[PDB]
Amino acid sequence: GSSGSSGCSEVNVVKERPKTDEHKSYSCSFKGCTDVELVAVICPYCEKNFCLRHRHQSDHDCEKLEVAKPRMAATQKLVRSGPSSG
Ligand SMILES: [Zn+2]
Ligand SMILES: [Zn+2]
């Protein structure tokens, strides 16, 4: 065979990063929730980010709200705890 062509240039570019489908997702600040959303729903009371499902105050158990927990700390003398002689 007999042929020939011209055309070539250098190039130095740092490998491209692993593009991420998502752009920005915020995690819920509720005790018992692992849902996120594109936007960041912040509470004008506790100033925390939550999910649309738990965006409401009481919904996410807003600490600011004037409503304490329906349950108190466990304060009971453990029973059946200790070395039993025989
Ligand atoms: Zn949530
Ligand atoms: Zn709140």
# chains A, B, ... in the order shown; residues from 1 in each chain; ligands from 1

call {"tool": "residues_near_ligand", "arguments": {"ligand": "ligand 1", "cutoff": "8 Å", "atoms": "only C-alpha atoms and all ligand atoms", "output": "PyMOL selection string"}}
result
chain A and resi 27-30+32-36+50-55+60

call {"tool": "write_last_selection", "arguments": {"atoms": "C-alpha atoms", "output": "PDB file, in the first residue's frame"}}
result
ATOM      1  CA  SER A  27     -30.887  14.938  54.805  1.00  0.00           C
ATOM      2  CA  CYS A  28     -33.789  15.098  57.258  1.00  0.00           C
ATOM      3  CA  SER A  29     -32.960  16.272  60.781  1.00  0.00           C
ATOM      4  CA  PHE A  30     -35.662  14.092  62.336  1.00  0.00           C
ATOM      5  CA  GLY A  32     -35.885   8.252  62.640  1.00  0.00           C
ATOM      6  CA  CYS A  33     -35.782   9.485  59.050  1.00  0.00           C
ATOM      7  CA  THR A  34     -33.351   8.927  56.179  1.00  0.00           C
ATOM      8  CA  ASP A  35     -35.107  10.804  53.377  1.00  0.00           C
ATOM      9  CA  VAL A  36     -33.627  13.668  51.356  1.00  0.00           C
ATOM     10  CA  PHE A  50     -36.172  18.466  57.291  1.00  0.00           C
ATOM     11  CA  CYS A  51     -38.072  16.563  54.600  1.00  0.00           C
ATOM     12  CA  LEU A  52     -41.387  17.667  53.094  1.00  0.00           C
ATOM     13  CA  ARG A  53     -42.947  14.780  55.018  1.00  0.00           C
ATOM     14  CA  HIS A  54     -41.471  16.145  58.248  1.00  0.00           C
ATOM     15  CA  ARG A  55     -41.321  19.822  57.284  1.00  0.00           C
ATOM     16  CA  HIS A  60     -40.392  16.658  63.211  1.00  0.00           C
TER      17      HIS A  60
END

call {"tool": "closest_atom_pairs", "arguments": {"of": "chain A", "to": "ligand 2", "cutoff": "9 Å", "atoms": "only C-alpha atoms and all ligand atoms", "output": "CSV"}}
result
residue,atom,partner,partner_atom_place_in_ligand_line,distance
A:42,CA,ligand 2,1 (Zn),7.9
A:43,CA,ligand 2,1 (Zn),4.7
A:44,CA,ligand 2,1 (Zn),6.7
A:45,CA,ligand 2,1 (Zn),4.8
A:46,CA,ligand 2,1 (Zn),4.2
A:47,CA,ligand 2,1 (Zn),6.4
A:48,CA,ligand 2,1 (Zn),6.4
A:49,CA,ligand 2,1 (Zn),8.5
A:50,CA,ligand 2,1 (Zn),8.6
A:55,CA,ligand 2,1 (Zn),8.0
A:56,CA,ligand 2,1 (Zn),7.1
A:57,CA,ligand 2,1 (Zn),4.5
A:58,CA,ligand 2,1 (Zn),7.4
A:59,CA,ligand 2,1 (Zn),8.6
A:60,CA,ligand 2,1 (Zn),6.7
A:61,CA,ligand 2,1 (Zn),7.0
A:62,CA,ligand 2,1 (Zn),3.9
A:63,CA,ligand 2,1 (Zn),6.3
A:64,CA,ligand 2,1 (Zn),6.4
A:65,CA,ligand 2,1 (Zn),7.4

call {"tool": "atom_distance", "arguments": {"atom1": "CA of residue 24 (chain A)", "atom2": "CA of residue 38 (chain A)"}}
result
5.5 Å
